[PDB]
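> Following this message is one structure expressed as structure tokens.
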Amino acid sequence: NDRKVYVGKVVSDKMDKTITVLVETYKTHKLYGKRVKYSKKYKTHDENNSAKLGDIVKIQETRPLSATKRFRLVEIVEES
Amino acid sequence: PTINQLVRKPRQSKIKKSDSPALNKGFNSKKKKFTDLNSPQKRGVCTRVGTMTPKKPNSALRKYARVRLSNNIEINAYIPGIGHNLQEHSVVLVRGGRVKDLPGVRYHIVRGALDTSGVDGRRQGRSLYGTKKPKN
Amino acid sequence: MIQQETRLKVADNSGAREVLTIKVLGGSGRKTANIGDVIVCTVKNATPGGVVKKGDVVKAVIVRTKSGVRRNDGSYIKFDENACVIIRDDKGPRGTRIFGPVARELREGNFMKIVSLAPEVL
Amino acid sequence: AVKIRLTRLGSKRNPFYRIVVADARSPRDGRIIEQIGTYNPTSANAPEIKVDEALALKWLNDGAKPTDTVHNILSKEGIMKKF
Amino acid sequence: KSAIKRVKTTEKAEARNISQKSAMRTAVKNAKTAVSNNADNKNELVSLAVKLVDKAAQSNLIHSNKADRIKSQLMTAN
RNA sequence: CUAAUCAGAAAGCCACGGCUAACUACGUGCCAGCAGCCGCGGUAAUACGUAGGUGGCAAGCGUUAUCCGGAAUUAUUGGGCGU
RNA sequence: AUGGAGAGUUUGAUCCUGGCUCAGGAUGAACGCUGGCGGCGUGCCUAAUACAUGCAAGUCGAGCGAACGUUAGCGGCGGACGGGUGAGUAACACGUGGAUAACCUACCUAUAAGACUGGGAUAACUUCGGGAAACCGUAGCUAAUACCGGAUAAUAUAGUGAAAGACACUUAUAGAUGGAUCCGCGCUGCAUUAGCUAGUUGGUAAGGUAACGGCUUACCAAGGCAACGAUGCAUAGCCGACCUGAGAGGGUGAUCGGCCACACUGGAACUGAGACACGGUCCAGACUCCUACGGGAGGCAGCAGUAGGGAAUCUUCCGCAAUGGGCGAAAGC
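Here it is, written out as structure tokens:
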């Protein structure tokens with residue numbers, strides 16, 4: 005039983021690695037059936053690196069080792 | 002009939018209100034606020050007798066009852082039948098709802114019902130305005 | 001020394017919290033009154049629940065006042081407030097509970113039913 | 002701590018029961034995960050003792066011993082005394 | 005209604021935990037307080053509490069993994 | 001619990017026409033009054049007061065009110081555009 | 001996919017409609033009627049009311065200080081108890097899988113380190129005592145597989161406790177118990193509530209719970225938000241049950257709860273083989289109250305019954321015998 009390759013994109017950040025990655029998925033509602041796409045926000049972190057202005061990455065579900073943040077993974081696409 | 006804005010924006014059902022809103026209720030005094038109950042059975046204790054004259058559709062004469070329910074409000078009744086209970090101050094079994102042709106009244110009497118028995122001029126009814134122990 | 005227009009703290013469970021003496025019944029010319037006296041007052045502050053409501057004229061016997069009460073042995077005793085118990089015009093309490101201590105002068109005033117619930121009796 | 006349990010839906014007309022591994026501090030009725038079957042101690046309904054206790058007899062070296070006067074059913078068997 | 009013996013074994017339980025936890029309150033008032041202050045408290049004045057906290061923690065209530073955190077910050081604190 | 005076993009009754013049914021399924025009338029002369037949506041007496045209530053019962057029934061008569069397919073008066077299967 | 005024929009509805013009329021009253025029942029469904037009997041079952045659903053009381057997990061030792069294991073309470077138990085529910089929360093309280101790079105432990109079963117050395121205190125017998133009682137004072141006590149030095153006990157890679165009837169003790173260790181340190185989707189409505197809380201973004205603490213870590217604290221910059229529901233916010237259990245659809249399931253989940261919010265009250269120094277404890281332990285409250293007024297502390301969300309509110313809303317008929325929890329090497333509760 006291993007740990008996924010959760011991915012996403014980035015929006016903004018604050019002092020000394022208040023890092024994050026975006027979360028999203030393909031799925032629908034149970035009632036009126038439309039392919040409307042949807043999202044919710046996450047909490048990863050680095051030293052200062054995985055951050056705003058382009059950090060398309062991966063994330064994890066592990067021991068956070070964090071305040072209320074939860075992730076340790078960054079497996080990327082590219083940078084800007 | 003387009004489904005995009007249907008989870009954006011929903012629809013309604015019809016619009017209806019149930020029957021006898023000031024009924025199926027037992028008024029508080031300890032906590033002062035009513036109970037939404039829909040009880041099977043209930044009582045009726047009397048304040049007046051009551052009668053209004055102008056009847057077009059029938060165009061005969063017959064009175065009704067003005068019986069107050071709990072603790073200061075107007076509650077009104079009617080006696081559908083050929084039996085006149087020249088009485089008051091009773092303790093009864095309620096009948097819920099209105100019979101045809103009287104507006105606003107929704108409260109009635111079961112045959113017998115602990116107060117009296119009924120108009121004893123009936124013996125064929127065996128099941129109307131007081132009729133117990135009737136040879137079938 | 002409880003004269004006319006005086007606020008006292010009722011120490012009962014009837015339903016009152018504060019009353020204002022209207023007249024000190026006892027004779028023609030009476031002005032003040034000490035522990036072991038009956039006075040006529042009115043409820044100025046009550047509590048949601050009880051038998052006594054606000055704006056009612058009832059009788060009561062003042063018990064434990066700020067002023068001292070000299071005895072026969074030459075000893076005194078003064079409290080830190082002025083309280084009183086509401087009676088029922090029969091030398092009996094309208095309530096059933098009593099908060100705080102009471103004086104031993106009610107025993108001579110035929111109040112054995114009021115000195116049987118009070119926790120202490122100094 | 003482990004004890005025997007049984008199921009309940011609707012019949013009798015002969016003392017019936019069941020085989021399971023429930024908790025100790027509880028009644029005769031208990032939850033069963035690996036349903037092994039039931040038991041008929043009425044000495045009349047022989048076609049009802051289809052209990053395949055495969056995880057109930059594995060408490061021999063895990064934590065189990067005849068208790069609550071239930072050794073009679075284990076008296077016919079002998080898959081114990083391995084230590 | 006069997007408090008007729010356990011109205012009061014909570015209280016021998018109390019005494020027999022608290023007096024020994026306090027005899028530790030003097031065992032954290034010597035070594036751990038003075039493994040810094042340069043005092044002699046790193047030899048036999050750390051080692052009394054070996055068998056002393058051992059007089060404590062052979063029973064289920066005294067610290068267990070916190071025992072592994074109180075022995076790793078006094079003996080391994082070199 | 002056969003047990004010989006006498007005969008140790010299974011209250012009473014509704015509206016009483018036609019739909020919710022019911023049968024006709026003296027009382028009744030609009031005086032009381034019938035009435036589950038429809039619906040009835042002013043001189044033949046195939047309704048009513050009451051009286052022998054046919055449709056359902058015998059441990060059962062009128063009523064009490066909750067969501068179910070029915071309600072296609074949600075439209076997930078089963079939603080109008082000018083009206 | 002064991003597939004959908006309802007009573008009558010328009011103006012005056014065929015016609016496109018229009019939904020109502022209404023159906024049958026099913027409801028913890030019963031009330032007057034009627035009250036041949038029952039197989040078995042459920043009924044403070046009136047008021048999670050105030051109280052006629054008690055009521056309830058309980059007793060004991062070829063291992064131990066009274067008597068011809070009786071008579072202890074050390075020790076063990078209990079105490080968080082069975083039962084009562086759906087008063088209280090939009091919450092991992094709830095059904096299922098689950099990283100354990102967030103977890104461990106004696107009760108079920110085998111044991112295993114050994115069983116060495118110890119001092120000696122406390123219950124009872126109370127030993128001695130004031131005084132309505134009983135509440136409290138002197139106070140050696142006499143033991144206990146025990147209140148109990150010390151050897152190494154295992155995680156220095158250098159942590160201690162065992163006092164066995166007879167031909168039963170304390171530890172390196174375990175399978176396990178409720179759980180769960182926690183992950184996930186389980187996890188409803190109010191737009192008469194968007195310019196976003198100062199911790200919004202997350203890194204950085206001496207700390208610590210069998211448990212990572214803004215969890216209080218540790219250091220600094222917010223526009224983190226951003227017109228997407230931040231947030232507020234109103235009932236606040238879920239889940240095998242029941243009427244039920246053709247099927248999607250769709251709702252109520254009450255007899256039936258396997259899991260959790262909850263025992264006069266705010267707490268509570270405490271504690272546990274499992275904590276702030278429904279007949280515990282204290283100290284603030286308002287209650288029917290008991291008391292030479294030591295001041296008592298109790299309330300049947302555990303069977304009854306009392307004044308009741310009562311559509312109905314029950315037997316104080318009996319007492320362990322259908323299972324042993326606990327005490328016990330045991331016969332026994």
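Residue numbers (the deposited numbering), protein chains in the order written: chain 8, 5 to 84; chain 3, 2 to 137; chain N, 1 to 122; chain 7, 2 to 84; chain A, 5 to 82.
All residues carry an ideal CB built from backbone N, CA and C; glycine is no exception.
#1: Please classify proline 93 (chain N) as buried or exposed, where buried requires at least 16 other C-beta atoms within 10 Å of its C-beta.
#2: Within the same chain, show all residues whose beta-carbon is closer than 6 Å to that of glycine 58 (chain 8), passing over the 5 residues directly before and after it, in chain order.
#3: Within 8 Å (strictly less), CB to CB, does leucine 7 (chain 3) reach chain 8?
#4: What does the Cβ neighbour count give for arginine 99 (chain 3), buried or exposed, with the cut at 16 atoms within 10 Å?
#5: To the nearest angstrom, report how far apart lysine 133 (chain 3) and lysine 113 (chain N) are at their CA atoms.
#6: Any contact between the stretch 56-69 of chain N and the stretch 95-107 of chain N? By contact I mean 3 or more CB pairs, one from each, below 8 Å.
#7: So the candidates are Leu7 (chain 7), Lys13 (chain 7), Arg14 (chain 7) and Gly79 (chain 7); which of them puts its Cα closest to the Cα of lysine 59 (chain 7)?
#8: When you check each C-beta in the stretch 14-34 of chain 8 against every C-beta of chain 3, which residues fall closer than 7 Å?
#9: Closer than 7 Å, Cβ to any Cβ of chain 8: which residues of the stretch 59-82 of chain 3, in chain order?
#10: What is the DSSP secondary structure of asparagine 73 (chain 7), counted as helix, strand or coil?
#11: Do the stretch 37-50 of chain N and the stretch 8-15 of chain N touch if we need at least three Cβ pairs shorter than 8 Å?
#12: Any idea which residues DSSP pairs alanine 60 (chain N) with across the strands?
#13: With distance defined between alpha-carbon atoms, name the residue in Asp56 (chain N), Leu8 (chain N), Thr42 (chain N) and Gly29 (chain N) nearest to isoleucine 35 (chain N).
#14: Skipping 5 residues on each side, what residues in its chain have a beta carbon closer than 7 Å to that of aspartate 53 (chain 7)?
#15: Could one say the Cβ of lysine 41 (chain 8) lies closer than 8 Å to chain 3's Cβ atoms, at least one of them?
#16: Along chain 3, which residues have their Cβ under 8 Å away from the Cβ of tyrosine 36 (chain 8)?
#17: Taking the Cβ atom as the reference point for each residue, do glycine 119 (chain 3) and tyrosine 108 (chain 3) lie within a distance shorter than 8 Å?
#18: Count the C-beta pairs between the stretch 53-61 of chain 3 and the stretch 8-25 of chain 3 that are closer than 8 Å, then say yes if the count reaches three, no if not.
#19: Hey, is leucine 25 (chain N) close to the ligand NAP, as in C-beta under 7 Å from one of its heavy atoms?
#20: Can you tell me the Cα-Cα spacing of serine 16 (chain 8) and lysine 8 (chain 8), whole angstroms?
#21: Any idea if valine 24 (chain N) is buried or exposed, counting beta-carbon neighbours within 10 angstroms, 16 or more meaning buried?
#22: Taking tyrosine 42 (chain 8) as the reference, which of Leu35 (chain 8), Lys62 (chain 8), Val27 (chain 8) and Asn52 (chain 8) has the closest Cα?
#23: Do you know how far the Cα of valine 50 (chain 3) is from the Cα of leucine 87 (chain 3)?
#24: By how many angstroms is the C-alpha of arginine 9 (chain 7) removed from the C-alpha of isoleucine 34 (chain 7)?
#25: From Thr22 (chain 8), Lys13 (chain 8) and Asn5 (chain 8), pick the residue whose C-alpha is nearest to that of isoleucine 60 (chain 8); which is it?
#26: Return yes when the Cβ of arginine 44 (chain 3) is within less than 8 Å of the Cβ of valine 106 (chain 3), no when it is not.
#27: Could you pull out every unbroken alpha helix (DSSP H) segment of at least 4 residues lying fully inside the stretch 72-104 of chain 3, listed in chain order?
#28: Just grab the DSSP bridge partners of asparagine 45 (chain N) for me.
#29: At the level of alpha carbons, what is the spacing between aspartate 20 (chain 8) and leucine 78 (chain A)?
#30: Can you give me the C-alpha to C-alpha distance between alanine 23 (chain 7) and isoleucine 8 (chain A), rounded to a whole angstrom?
#31: Taking only the alpha-carbon atoms, compute the straight-line gap between residue 1 (chain 3) and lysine 64 (chain 3) and give it to the nearest angstrom.
#32: CB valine 38 (chain N) to CB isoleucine 22 (chain N), shorter than 8 Å?
#33: How far does the beta strand (DSSP E) with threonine 29 (chain 8) in it extend, from its first residue to its last?
Short version:
#1: As a working mapping, residue 93 (chain N) is identified with position 93 in the third sequence. Buried is the call here.
#2: Along the first sequence, one-based indexing puts residue 58 (chain 8) at 54. Once the five neighbours on either side are set aside, the close Cβ partners of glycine 58 (chain 8) are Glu83 and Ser84.
#3: As a first step, residue 7 (chain 3) must be located in the second sequence, where it is residue number 6. It does: the Cβ of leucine 7 (chain 3) has a partner Cβ on chain 8 nearer than 8 Å.
#4: Along the second sequence, one-based indexing puts residue 99 (chain 3) at 98. Buried, since its Cβ has 16 or more Cβ neighbours within 10 Å.
#5: Position 132 of the second sequence holds residue 133 (chain 3). Position 113 of the third sequence holds residue 113 (chain N). One C-alpha to the other measures close to 59 Å.
#6: yes
#7: For the purposes of this step, residue 59 (chain 7) is taken as the residue at position 58 of the fourth sequence. The residue with the shortest Cα to Cα distance from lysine 59 (chain 7) is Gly79 (chain 7).
#8: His33
#9: none
#10: The residue given as residue 73 (chain 7) occupies position 72 in the fourth sequence. Three-state DSSP puts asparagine 73 (chain 7) in a helix.
#11: yes
#12: As a working note, residue 60 (chain N) is residue 60 in the third sequence. DSSP lists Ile39 (chain N) and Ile86 (chain N) as partners of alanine 60 (chain N).
#13: Position 35 of the third sequence holds residue 35 (chain N). Closest option to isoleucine 35 (chain N), Cα to Cα, is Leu8 (chain N).
#14: Residue 53 (chain 7) sits at position 52 when you count from the first residue of the fourth sequence. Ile37 and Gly38.
#15: In the first sequence, the residue the question calls residue 41 (chain 8) occupies position 37. Output row for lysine 41 (chain 8): interface = no.
#16: Taking the first sequence and counting its residues from 1, the one referred to as residue 36 (chain 8) is at position 32. Near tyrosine 36 (chain 8) (Cβ distances below 8 Å), the residues of chain 3 are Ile4, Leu7 and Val8.
#17: Here residue 119 (chain 3) is taken as the residue at index 118 of the second sequence, counted from 1. Here residue 108 (chain 3) is taken as the residue at index 107 of the second sequence, counted from 1. In this structure, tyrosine 108 (chain 3) does not lie closer than 8 Å to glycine 119 (chain 3) by Cβ.
#18: no
#19: By its list of ligands, the structure shown contains no ligand whatsoever, and the ligand NAP lies outside what it can speak to.
#20: Position 12 of the first sequence, counting from 1, holds the residue named residue 16 (chain 8). Position 4 of the first sequence, counting from 1, holds the residue named residue 8 (chain 8). Near 24 Å, if we compare the C-alpha coordinates of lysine 8 (chain 8) and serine 16 (chain 8).
#21: The residue labelled residue 24 (chain N) in the question sits at position 24 within the third sequence. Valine 24 (chain N) comes out buried.
#22: Counting from 1 along the first sequence, the entry for residue 42 (chain 8) is found at position 38. It is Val27 (chain 8) whose Cα lies nearest to the Cα of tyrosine 42 (chain 8).
#23: Within the second sequence, the letter at position 86 stands for residue 87 (chain 3). Within the second sequence, the letter at position 49 stands for residue 50 (chain 3). For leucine 87 (chain 3) and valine 50 (chain 3), the distance between alpha carbons rounds to 8 Å.
#24: Position 33 of the fourth sequence, counting from 1, holds the residue named residue 34 (chain 7). Position 8 of the fourth sequence, counting from 1, holds the residue named residue 9 (chain 7). About 15 Å.
#25: Locating residue 60 (chain 8) in the first sequence gives position 56, counting from the first residue. The residue with the shortest Cα to Cα distance from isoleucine 60 (chain 8) is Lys13 (chain 8).
#26: The count along the second sequence starts at 1 and reaches residue 106 (chain 3) at position 105. The count along the second sequence starts at 1 and reaches residue 44 (chain 3) at position 43. Not in contact: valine 106 (chain 3) and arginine 44 (chain 3) (Cβ atoms no closer than 8 Å).
#27: none
#28: The sequence position of residue 45 (chain N) within the third sequence is 45, counting from 1. According to DSSP, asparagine 45 (chain N) bridges with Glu18 (chain N).
#29: Residue 20 (chain 8) sits at position 16 when you count from the first residue of the first sequence. Residue 78 (chain A) sits at position 74 when you count from the first residue of the fifth sequence. Whole-angstrom Cα-Cα distance: 34 Å.
#30: As a working note, residue 23 (chain 7) is residue 22 in the fourth sequence. As a working note, residue 8 (chain A) is residue 4 in the fifth sequence. Distance between the alpha carbons of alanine 23 (chain 7) and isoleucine 8 (chain A): 34 Å.
#31: The requested residue 1 (chain 3) does not occur in the structure, where chain 3 is confined to residues 2 to 137.
#32: Indexing the third sequence from 1 puts residue 38 (chain N) at position 38. Indexing the third sequence from 1 puts residue 22 (chain N) at position 22. It is not a contact, given that the beta carbons lie outside the stated cut-off.
#33: Taking the first residue of the first sequence as position 1, residue 29 (chain 8) is located at position 25. Residues 26-29.
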